[PDB]
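A.B. asks: Could you have a look at this structure, given as structure tokens, before my questions?
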Amino acid sequence: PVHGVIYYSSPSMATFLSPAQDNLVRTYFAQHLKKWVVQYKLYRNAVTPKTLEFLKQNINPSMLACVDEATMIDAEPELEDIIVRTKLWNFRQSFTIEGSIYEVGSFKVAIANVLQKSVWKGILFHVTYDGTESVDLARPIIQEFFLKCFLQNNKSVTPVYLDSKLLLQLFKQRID
Amino acid sequence: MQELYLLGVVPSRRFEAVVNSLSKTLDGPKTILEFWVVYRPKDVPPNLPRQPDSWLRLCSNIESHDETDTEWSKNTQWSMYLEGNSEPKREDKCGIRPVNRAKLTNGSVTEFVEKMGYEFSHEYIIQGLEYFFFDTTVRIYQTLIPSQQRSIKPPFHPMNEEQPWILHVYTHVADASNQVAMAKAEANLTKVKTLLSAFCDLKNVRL
Amino acid sequence: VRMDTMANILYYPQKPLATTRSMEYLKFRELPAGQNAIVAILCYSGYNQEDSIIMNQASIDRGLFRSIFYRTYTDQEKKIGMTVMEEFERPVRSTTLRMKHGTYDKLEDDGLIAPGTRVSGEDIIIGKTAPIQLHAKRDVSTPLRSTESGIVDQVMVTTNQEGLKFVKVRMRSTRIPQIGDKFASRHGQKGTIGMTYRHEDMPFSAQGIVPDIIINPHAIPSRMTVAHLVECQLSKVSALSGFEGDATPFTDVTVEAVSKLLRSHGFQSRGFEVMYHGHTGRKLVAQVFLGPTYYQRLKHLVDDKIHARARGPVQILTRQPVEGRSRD
Amino acid sequence: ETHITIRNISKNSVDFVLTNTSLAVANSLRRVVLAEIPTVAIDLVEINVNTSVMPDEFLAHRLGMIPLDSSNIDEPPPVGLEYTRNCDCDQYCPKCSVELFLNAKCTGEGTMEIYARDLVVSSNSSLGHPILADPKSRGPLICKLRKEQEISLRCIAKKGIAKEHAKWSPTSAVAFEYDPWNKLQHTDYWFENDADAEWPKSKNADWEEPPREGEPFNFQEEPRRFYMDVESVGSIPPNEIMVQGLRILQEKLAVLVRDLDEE
Amino acid sequence: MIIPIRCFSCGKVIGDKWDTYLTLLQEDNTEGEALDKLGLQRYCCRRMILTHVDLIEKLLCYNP
Amino acid sequence: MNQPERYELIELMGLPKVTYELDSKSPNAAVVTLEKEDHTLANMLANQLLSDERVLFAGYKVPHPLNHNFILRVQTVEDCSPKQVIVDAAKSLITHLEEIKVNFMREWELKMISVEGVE
Amino acid sequence: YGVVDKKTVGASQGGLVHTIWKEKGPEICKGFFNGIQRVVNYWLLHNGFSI
Amino acid sequence: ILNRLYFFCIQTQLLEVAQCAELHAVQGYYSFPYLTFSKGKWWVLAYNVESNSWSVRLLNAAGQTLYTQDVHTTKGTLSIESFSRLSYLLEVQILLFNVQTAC
Amino acid sequence: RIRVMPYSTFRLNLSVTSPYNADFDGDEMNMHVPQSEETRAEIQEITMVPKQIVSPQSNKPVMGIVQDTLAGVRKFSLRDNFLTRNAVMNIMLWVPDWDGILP
Amino acid sequence: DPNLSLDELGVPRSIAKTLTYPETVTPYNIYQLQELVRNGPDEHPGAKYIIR
Amino acid sequence: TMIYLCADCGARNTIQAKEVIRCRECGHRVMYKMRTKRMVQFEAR
């Protein structure tokens, strides 16, 4: 069940080209990076950092990645924000992942416009498919449908494996 | 989460007799068993929030867990609390303390508060009884000090084994902005106070 | 070097462009009051109205009429007695009485401030003490009027006679042009800034430069001040020449003369020029009289003239409100 | 078709001509180039010792305007840093702001003359390096010194557009002139004694008509053919500016569409 | 004090163009017109090196 | 001292960049309020937006040179939309821009050769 | 008919300003100054005028 | 809102009728209350019915069409859609006629 | 009625300058804020730039279009000045209470 | 300023942040009026002093 | 106590509180004060 989110230098068209496809549709696919910065120093990096991003995997778990970057605990609150707000912690220019996952058939295509606090970042694409096969028995052939509909100006970034793994994979684009 | 509450000691000699005046007429009994760690965020600079609530309180409910089973410390359910303090000028009135009822899901559990670097401090275990009235509930207390740090094995350490039963009616408001649940739940639990007054004398205590 | 109260200098002074052959003596070109500004008389927007002007922000950003405002605080050390001492010791919140809203956190061990510490607000800069458990230390130290800000140029500690110590503190405070500051040419065109348009908005045309400030055409015909005009037609002509154009009071030099000198460089023998709007790109129907001149950065700025009261201090004898200044 | 017809070029300016396009777009390009075009410039100095004659305040404002290399810029991570405002790091970090140094002293007794040369970047071939408009010189002048008047400055640049302070625009001015004779009469020339006789024909006037007749004048006619002429500071090559002009002008139109087709 | 650097109206850098300017109107027998040899076609800013006062040589000689 | 913050010129203070809202009066006509971006984007969707026969009105005007924004009214009347009229416009623009972005990157190096080289 | 100048939009006797004031009281009366002093300023912005 | 109940419950009905002959009725190509009907697997030739009325309105735009009013069109099911396809084959022969009329 | 701009001067309305016989030569003008809700009423219902546009000194107006907006009127009320359809539109967004209907 | 209604006057925040203008607590205000205090006297939409 | 600097020489006078204002290896009696360290926050506008 290989993951394969792709960043793109040619946005906008996802809202436009995918509906232009003659095929079927499903629901929402939006998620949100949220950079953090402790109001004082000390807690600066690593295990005890300014760094933090609760990660809004809105689509399924509804559970934030309560993660100070590579610090693995997860929770819905939110209430934890206020807990973190004890005369503490700020933000930084995170870029949210939001969109448009749709039913297709043997495979299905998650879609999301990506948004820096500076408004825009650049659309990501994903296609879930059966996992019994080895990584590339058909993944490039799946990418034939990344060329159908044709997709352009893709970034080289390649997160790789259900979808809970995408959480760590967010970092793969977050660390960029 | 604005908890509203009171306090009233029950000597153990009259305790279960009170329970007869309670559980027969109420939901429960439910024995409580939850291992605390009230970690203190020793931090710089002043003015620190420094208040007892400001110190963190990871809250591992374990009541169904074995008294000797080893997986507990980061597999059995945990929680966390800072909570706001009960209201100023809350004389005799049930104390109103907003609460962040944290929850968590990973093999890592405690670690994040030390990922926040927070130091260990005092610890105990809620171990009393609780009796429902819808969203409201009474929570009579038992808070034995654990036999060793991160040790779930009894006997534990009440300040006296002639332990006071710190009876404690309560409720949990979602948000304090409306007058509704204020006077409403205060009335219902004041009537609950009338019920306990048939066998006890609860009071507010500053927090 | 001169420690001096209230001083105002120019970041970038300039020679009057079109000047009279009578300044060589007034040593004026060596220490100008002026500053040459690509001016353009246009009726554009409505913020440059009835004796008022609108200036280009791009310019003020690179230094148009940027000035400095040194102020200096004098303070000696009176001694009557008997033998009553009064040193510049740093007030100690252990037996003073009385002085709040400091902060004295900015005084050195010397009880004096060190340049160039960013001073603002009612901050204090020196500290006094006058004898009378825990007694007794008074406070006759001088604070800093809130209305002022900025860093501290330098301090000079010497001796008086008298026979004690004697300190002087000077702080600098850059002052930029802001809506509401005065400017006027050398013809009594008292003007005030009405607005600050950024570079794009202003009529970029077609050369294409941009007016540094633009006065309104109704400040001409009634105040008959045809000199303001002439100067600008002549300043221009120290374009492709640099020939410092003399403006000598009575000479053969005429309008009809300078004009010929104009198309001589490719322009309109009369000052004018076509002008392109900043929003659209449309040519303006009318032709603009665009042409340099120097305007003088007048004193008395705005941030010194604003005033607001509301339950402030009051006299002791009459118990009515104090007068201007103070606080406030 | 075409759309542009360049004439002369140099190292600081780019003279050319727009063709099949509308007035709006013209202007809207003039503007773009004069304002919102990302660049590096220094926007924070810390002073240690300064016993020179230029005050600290006066240096900041001056050290600012001195142009720097920008080149690519909009192409992270390296060879381009994103605004220091929306950065993944905290406060100020070399990952989104380039550090500069100035340690000028005095070893002479005559007179010193410190130029833009004496500064020191870091060695991260950003850049970076300021510029040297002067011919085989050393850069724009900063300050003068006599005896012992060493100054010590820490400078760090951020990213900004003219809008935010005229300090950034890498663009001097622009010199357009659509309809050089007077086809559309978008202007009423002031006489004073004889019209087409007082106003000078323009160098760019020799590329059109419609003298003679008495057609009479047209009106179905819109202004096309615009004679622009962009000149850069020397901060970033002479377009550059233009090229990067539409890249962040298209993307400004897009913002719009995406905020209307998603919902 | 010293050339403005960056003309008031445009952006045309003028910090560079003076150490070289002064070495003509007093060292090459060319006119005020000579600046034209420095790329000063606009008014504009070119009245910048021209209308300027060298207020630092005559300020620098106050040594502390 | 009362100088608005410059950075508050290029950064929406939690203000929704775009806002689309009908009018009344007029019928089949809405009014768009782009914020912290104006005097450039606006002029285009006009002297170009009015080029679509589908249109019957083209607002556009900054309310005050202090607030960095601007409105845009479009009427049409009668079939759609007019959220679609301005987008069909915007699209026609981005694509008309490249028309020149390409000619530029094409004729540049082409008149770079005549001034010697080499290679 | 004719042309607007001070004769009619200035404090004249039977002045236009006078005539809507006075029919029908201030406002839209108060708006009159806002309209013309807004419409025209806007016209003039792109009409240019100077001497 | 009752009309919402009507069109929606009927939507589910037709979805059950959409099973065999996978007439997907994806709504992206127009968002009308008239509601799109479509087809499996699929330049595009549209498919529309309403009353229900068998108006084979193939369109893009608007391609050349053909129309019928067979059946009471209340009861289903899948077989009737199969008949629609049976018509649509003759419609393909008619596409060849469309190729004939081009010249 | 206050409100509320930035920059440290009092912006006021040009057509109101005549009554204050004073230009912008860097003049100062005083502001007195009422307190009690009973005076707030006086200086609203009796004294108001609006209800004061006609002093009884002369039973003639005391404010009127003057300066640039005036010079402008002439140079625009001329029947030599036509408006391109191109706006019109633009200039219609002041009125400020617009019928909505284009003339 | 050409852009203010006639009966309009531009008041700089610097001043607005130092005036008043008491205003008793109406039963219509309590909520609205409170927000002001909780805001601060340094935030335009704020206040100074509370009288009892 | 602190250090002071003379108007002419500039040599470190490093003189003590409450004494006499003057110098050491020279003359004149004034003196300014060394600039603090002090890395100071300065915008470039």
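Each chain in the structure tokens gets a letter, A, B, ..., in the order shown, and its residues are numbered from 1; ligands are numbered from 1 in order too.
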Find the spatial neighbours of region 35-43 of chain K, counting only C-alpha atoms, within a cut-off of 7 Å - ignore same-chain residues fewer than 5 positions away - and output them as a list in words.

C.D. replies: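 My reading of the contact set: residues 114, 115 and 116 of chain C; 43, 44, 45, 46, 47, 48, 49 and 60 of chain D.
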
A.B. asks: For the selection you just gave me, I'd like the residues written to a file as an mmCIF file, in the first residue's frame, keeping C-alpha atoms.

C.D. replies:
```
data_model
loop_
_atom_site.group_PDB
_atom_site.id
_atom_site.type_symbol
_atom_site.label_atom_id
_atom_site.label_comp_id
_atom_site.auth_asym_id
_atom_site.auth_seq_id
_atom_site.Cartn_x
_atom_site.Cartn_y
_atom_site.Cartn_z
ATOM 1 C CA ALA C 114 25.239 55.562 28.835
ATOM 2 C CA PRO C 115 24.944 56.498 25.171
ATOM 3 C CA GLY C 116 23.397 55.378 23.186
ATOM 4 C CA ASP D 43 16.718 45.868 7.210
ATOM 5 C CA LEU D 44 18.364 45.609 10.602
ATOM 6 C CA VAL D 45 21.693 46.834 12.038
ATOM 7 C CA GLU D 46 23.152 46.311 15.472
ATOM 8 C CA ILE D 47 25.798 48.798 16.478
ATOM 9 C CA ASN D 48 28.586 48.038 18.914
ATOM 10 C CA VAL D 49 31.048 50.882 18.801
ATOM 11 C CA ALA D 60 20.862 52.327 9.185
#
```

A.B. asks: List every residue of chain A that has an atom at most 8 Å from any atom of chain B, giving for each one its closest atom pair and the distance in Å to one decimal, counting only C-alpha atoms, sorted by chain and then by ascending residue number, as CSV.

C.D. replies:
```
residue,atom,partner,partner_atom,distance
A:43,CA,B:116,CA,7.3
A:47,CA,B:115,CA,5.1
A:48,CA,B:115,CA,4.8
A:49,CA,B:116,CA,7.5
A:68,CA,B:115,CA,7.8
A:71,CA,B:112,CA,7.5
A:72,CA,B:108,CA,6.5
A:73,CA,B:106,CA,5.3
A:74,CA,B:105,CA,5.6
A:75,CA,B:104,CA,5.0
A:76,CA,B:103,CA,7.6
A:77,CA,B:102,CA,6.8
A:79,CA,B:100,CA,5.5
A:80,CA,B:102,CA,6.7
A:82,CA,B:100,CA,7.8
A:83,CA,B:82,CA,6.4
A:86,CA,B:49,CA,7.1
A:87,CA,B:49,CA,7.5
```

A.B. asks: Give me the residues within 8 Å of region 17-31 of chain A as a count of residues only, counting only C-alpha atoms and dropping any in the same chain fewer than 3 places off.

C.D. replies: 26

A.B. asks: Name the residues of region 42-288 of chain C that come out as alpha helix (DSSP H) in a backbone DSSP run; write them as a ChimeraX atom specification.

C.D. replies: /C:57-60,226-237,255-263

A.B. asks: I'd like the interatomic distance between CA of residue 240 (chain C) and CA of residue 256 (chain C), to a tenth of an Å.

C.D. replies: 18.6 Å

A.B. asks: From region 5-74 of chain B, collect each residue whose DSSP state is strand (DSSP E) and return the set as number ranges by chain.

C.D. replies: B: 5, 8-10, 34-37, 58-61

A.B. asks: Please, which residues of chain C lie no more than 12 Å from chain I when the count uses only C-alpha atoms, and can they be set out as a PyMOL selection string?

C.D. replies: chain C and resi 42-53+177-184+188-196+215-219+280+285-286+298-310

A.B. asks: Return as CSV the residues of chain F lying at most 12 Å from chain G, together with the closest atom-to-atom pair for each and the distance in Å to one decimal, counting only C-alpha atoms, with rows in chain order and ascending residue number.

C.D. replies:
```
residue,atom,partner,partner_atom,distance
F:61,CA,G:42,CA,10.1
F:62,CA,G:42,CA,11.0
F:63,CA,G:38,CA,10.7
F:64,CA,G:38,CA,11.3
```

A.B. asks: Go ahead and dump the residues you just picked, C-alpha atoms, as a PDB file, in the first residue's frame.

C.D. replies:
```
ATOM      1  CA  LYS F  61     -12.682  51.534  -7.192  1.00  0.00           C
ATOM      2  CA  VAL F  62     -10.627  52.008  -4.044  1.00  0.00           C
ATOM      3  CA  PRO F  63     -12.728  53.542  -1.266  1.00  0.00           C
ATOM      4  CA  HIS F  64      -9.915  55.296   0.402  1.00  0.00           C
TER       5      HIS F  64
END
```

A.B. asks: Name all residues at most 8 Å from residue 15 (chain K) (count only C-alpha atoms; drop same-chain ones fewer than 3 positions away) and give them as a list in words.

C.D. replies: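 In the requested form, the answer reads residues 1, 2, 3 and 4 of chain K.
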
A.B. asks: I'd like the contact shell of residue 35 (chain C) - 8 Å cut-off, only C-alpha atoms, skipping same-chain residues fewer than 3 positions apart - returned as a ChimeraX atom specification.

C.D. replies: /C:12-16,32,65,294-296

A.B. asks: Quick one: everything within 8 Å of region 35-51 of chain J, counting only C-alpha atoms, minus sequence neighbours fewer than 4 positions away in the same chain. Send it as a ChimeraX atom specification.

C.D. replies: /J:13,16-17,31

A.B. asks: Once you have the residues from the selection above, write them out as an mmCIF file, in the first residue's frame, restricted to N, CA, C and O atoms.

C.D. replies:
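After the write, selection_19.cif holds the following:
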```cif
data_model
loop_
_atom_site.group_PDB
_atom_site.id
_atom_site.type_symbol
_atom_site.label_atom_id
_atom_site.label_comp_id
_atom_site.auth_asym_id
_atom_site.auth_seq_id
_atom_site.Cartn_x
_atom_site.Cartn_y
_atom_site.Cartn_z
ATOM 1 N N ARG J 13 -5.992 57.809 16.023
ATOM 2 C CA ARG J 13 -6.069 56.842 17.111
ATOM 3 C C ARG J 13 -5.352 57.353 18.355
ATOM 4 O O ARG J 13 -5.849 57.214 19.473
ATOM 5 N N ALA J 16 -7.949 59.198 20.110
ATOM 6 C CA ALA J 16 -9.081 58.338 20.426
ATOM 7 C C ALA J 16 -8.706 57.444 21.597
ATOM 8 O O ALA J 16 -9.566 57.083 22.392
ATOM 9 N N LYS J 17 -7.428 57.094 21.696
ATOM 10 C CA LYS J 17 -6.948 56.240 22.774
ATOM 11 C C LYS J 17 -6.735 57.036 24.056
ATOM 12 O O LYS J 17 -6.077 56.569 24.986
ATOM 13 N N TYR J 31 -22.745 43.024 27.638
ATOM 14 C CA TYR J 31 -21.899 42.093 26.901
ATOM 15 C C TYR J 31 -20.987 42.868 25.956
ATOM 16 O O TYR J 31 -19.761 42.742 26.027
#
```

A.B. asks: Give me the chain E side of the contact with chain D, cut-off 7 Å, one line per residue showing its nearest atom pair and distance in Å at one decimal, counting only C-alpha atoms, sorted by chain and residue number, as JSON lines.

C.D. replies:
```
{"residue": "E:6", "atom": "CA", "partner": "D:65", "partner_atom": "CA", "distance": 6.9}
{"residue": "E:10", "atom": "CA", "partner": "D:172", "partner_atom": "CA", "distance": 4.9}
{"residue": "E:11", "atom": "CA", "partner": "D:172", "partner_atom": "CA", "distance": 4.2}
{"residue": "E:12", "atom": "CA", "partner": "D:172", "partner_atom": "CA", "distance": 5.4}
{"residue": "E:13", "atom": "CA", "partner": "D:233", "partner_atom": "CA", "distance": 6.4}
{"residue": "E:15", "atom": "CA", "partner": "D:140", "partner_atom": "CA", "distance": 4.0}
{"residue": "E:16", "atom": "CA", "partner": "D:140", "partner_atom": "CA", "distance": 3.8}
{"residue": "E:17", "atom": "CA", "partner": "D:134", "partner_atom": "CA", "distance": 6.5}
{"residue": "E:60", "atom": "CA", "partner": "D:146", "partner_atom": "CA", "distance": 6.6}
```

A.B. asks: Hey, what's within 12 Å of residue 69 (chain C) if we count only C-alpha atoms and toss same-chain stuff fewer than 3 positions away? As an MDAnalysis selection string, please?

C.D. replies: (chainID C and resid 4:11 66 72 148:153 170:176 299:301 304) or (chainID D and resid 57)

A.B. asks: Emit the selected residues as a CSV table (one decimal), in the first residue's frame, including N, CA and C atoms.

C.D. replies:
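Okay, this is what ended up in part03.csv:
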```csv
chain,number,residue,atom,x,y,z
C,4,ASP,N,23.9,71.8,23.1
C,4,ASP,CA,23.0,72.9,22.9
C,4,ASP,C,21.5,72.4,22.9
C,5,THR,N,20.6,73.1,23.6
C,5,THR,CA,19.2,72.6,23.7
C,5,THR,C,18.5,72.9,22.4
C,6,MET,N,17.6,72.0,22.0
C,6,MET,CA,16.8,72.2,20.8
C,6,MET,C,17.7,72.6,19.6
C,7,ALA,N,18.1,71.6,18.8
C,7,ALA,CA,18.8,71.8,17.6
C,7,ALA,C,18.3,70.9,16.5
C,8,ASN,N,18.2,71.5,15.3
C,8,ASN,CA,17.6,70.8,14.1
C,8,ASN,C,18.5,70.9,12.9
C,9,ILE,N,19.0,69.7,12.5
C,9,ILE,CA,19.9,69.7,11.3
C,9,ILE,C,19.3,68.9,10.1
C,10,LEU,N,19.9,68.9,8.9
C,10,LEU,CA,19.4,68.2,7.8
C,10,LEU,C,20.2,67.0,7.4
C,11,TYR,N,19.6,65.8,7.2
C,11,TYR,CA,20.4,64.7,6.7
C,11,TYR,C,21.1,65.0,5.4
C,66,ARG,N,14.7,64.5,5.7
C,66,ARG,CA,14.8,63.8,7.0
C,66,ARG,C,15.6,64.7,7.8
C,72,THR,N,18.8,68.7,24.9
C,72,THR,CA,19.9,68.6,25.9
C,72,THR,C,19.4,69.1,27.2
C,148,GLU,N,8.8,63.1,23.7
C,148,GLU,CA,10.1,62.9,23.0
C,148,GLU,C,10.5,61.4,23.1
C,149,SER,N,11.4,61.0,22.2
C,149,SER,CA,11.9,59.6,22.2
C,149,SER,C,13.3,59.6,21.7
C,150,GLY,N,13.7,58.4,21.2
C,150,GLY,CA,15.0,58.2,20.6
C,150,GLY,C,16.2,58.0,21.5
C,151,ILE,N,17.4,57.7,20.9
C,151,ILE,CA,18.6,57.4,21.6
C,151,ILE,C,19.3,58.6,22.2
C,152,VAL,N,20.5,58.4,22.8
C,152,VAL,CA,21.2,59.4,23.5
C,152,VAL,C,22.5,59.7,22.9
C,153,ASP,N,22.7,60.9,22.4
C,153,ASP,CA,23.9,61.2,21.6
C,153,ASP,C,25.1,61.1,22.5
C,170,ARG,N,22.6,64.8,26.2
C,170,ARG,CA,22.0,65.2,24.9
C,170,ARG,C,21.5,63.9,24.3
C,171,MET,N,20.2,63.9,23.8
C,171,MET,CA,19.7,62.8,23.1
C,171,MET,C,19.2,63.2,21.7
C,172,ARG,N,19.5,62.3,20.7
C,172,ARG,CA,19.1,62.6,19.3
C,172,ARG,C,17.8,61.9,19.0
C,173,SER,N,17.0,62.4,18.1
C,173,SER,CA,15.7,61.7,17.7
C,173,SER,C,15.4,62.0,16.3
C,174,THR,N,15.8,61.1,15.4
C,174,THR,CA,15.5,61.3,14.0
C,174,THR,C,14.1,61.7,13.8
C,175,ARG,N,13.8,62.6,12.8
C,175,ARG,CA,12.4,63.0,12.5
C,175,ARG,C,12.2,62.9,11.0
C,176,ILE,N,11.3,62.0,10.6
C,176,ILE,CA,10.9,61.8,9.2
C,176,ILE,C,9.7,62.7,8.9
C,299,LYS,N,10.3,74.3,10.7
C,299,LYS,CA,10.3,73.7,12.0
C,299,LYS,C,8.9,73.6,12.6
C,300,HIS,N,8.8,73.3,13.8
C,300,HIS,CA,7.5,72.9,14.4
C,300,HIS,C,6.9,71.9,13.5
C,301,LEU,N,7.1,70.7,13.8
C,301,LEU,CA,6.6,69.5,13.2
C,301,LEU,C,5.3,69.1,14.0
C,304,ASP,N,4.9,67.3,17.8
C,304,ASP,CA,5.2,68.2,18.9
C,304,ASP,C,4.0,69.1,19.2
D,57,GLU,N,21.4,56.0,13.7
D,57,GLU,CA,20.2,56.2,12.9
D,57,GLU,C,20.5,56.5,11.5
```
